[PDB]
Amino acid sequence: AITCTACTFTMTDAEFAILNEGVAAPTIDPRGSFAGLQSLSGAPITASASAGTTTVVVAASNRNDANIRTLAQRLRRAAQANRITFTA
Amino acid sequence: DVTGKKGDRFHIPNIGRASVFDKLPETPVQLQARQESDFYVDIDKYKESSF
């Protein structure tokens with residue numbers, strides 16, 4: 001069984017607010033870059049904040065390749081458009 | 001040739017170079033303005049030869 005056990009991204013609160021359309025960490029804006037993914041068991045993207053750092057994780061039962069690929073593509077396009085450094 | 005001879009200082013404004021900025025989504029373009037200098041030249045030499 002091929003399982004994705006971790007797909008997490010680390011950001012600053014400012015960059016996440018730019019990407020989540022100005023909304024805070026625990027809420028995912030429906031018009032943001034983290035919305036419009038494939039939902040298999042609920043909300044496919046979760047976000048948390050801790051001391052200026054926002055962690056964005058694909059949900060436990062929503063980690064198919066489509067969600068991972070689309071999240072990576074959205075992050076790349078958003079970083080290129082907004083001139084946000086994407087250091088690996 | 002300033003033989004018209006109406007004035008003592010002559011000014012020639014300088015023109016600088018514009019900047020280029022990244023265009024971000026949902027962000028207005030950055031407007032650019034430059035404060036430019038000028039080059040001034042004087043009429044100051046008056047020479048004579050007499051006998």
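Just so it is clear: chains get the letters A, B, ... in the order the sequence lines come, proteins before strands, and each one is counted from 1. Basis for what follows: all heavy atoms, side chains included, without hydrogens, waters or symmetry-related copies.
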Worksheet item: Taking the side chain from A/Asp29 and the backbone from A/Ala35, do they hold a donor-acceptor pair closer than 3.5 Å?
Response: no
Discussion item. Please determine whether side-chain contact (heavy atoms from CB on, under 4.5 Å) holds for the pair A/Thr53 and A/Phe16, giving the CA-CA distance in whole Å, both sets of side-chain angles, and the decisive distance to 0.1 Å.
Written reply: CA-CA 9 Å; A/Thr53 292; A/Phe16 184 79; over 6 Å; no
Non-hydrogen atoms of [X] and [Y] that approach each other most closely:
X: A/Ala49; Y: A/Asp13; result: CB-OD1, 4.1 Å
X: A/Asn20; Y: A/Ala25; result: ND2-O, 4.4 Å
X: B/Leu24; Y: A/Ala81; result: CD2-O, 3.7 Å
X: A/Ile68; Y: A/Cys7; result: CG2-SG, 3.9 Å
X: B/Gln32; Y: B/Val20; result: NE2-N, 4.1 Å
X: A/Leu37; Y: A/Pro44; result: CB-CG, 3.8 Å

Practice prompt. I would like to know whether A/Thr55 and A/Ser48 meet side-chain contact (heavy atoms from CB on, under 4.5 Å); could you show each step before the answer?
Written response: CA-CA 5 Å; A/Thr55 307; A/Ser48 66; 3.8 Å; yes
Fill in: Verdict with supporting geometry, B/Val29 and B/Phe21, side-chain contact (heavy atoms from CB on, under 4.5 Å)
CA-CA 8 Å; B/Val29 290; B/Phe21 303 109; over 6 Å; no
Practice prompt. Could you tell me whether the side chain of A/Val58 reaches within less than 4.5 Å of the side chain of A/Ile45, counting heavy atoms only?
Written response: yes
Discussion item. Would you compute the distance between atom CD1 of B/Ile12 and atom CG of B/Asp38 and round it to the nearest 0.5 angstrom?
Written reply: 9.5 Å
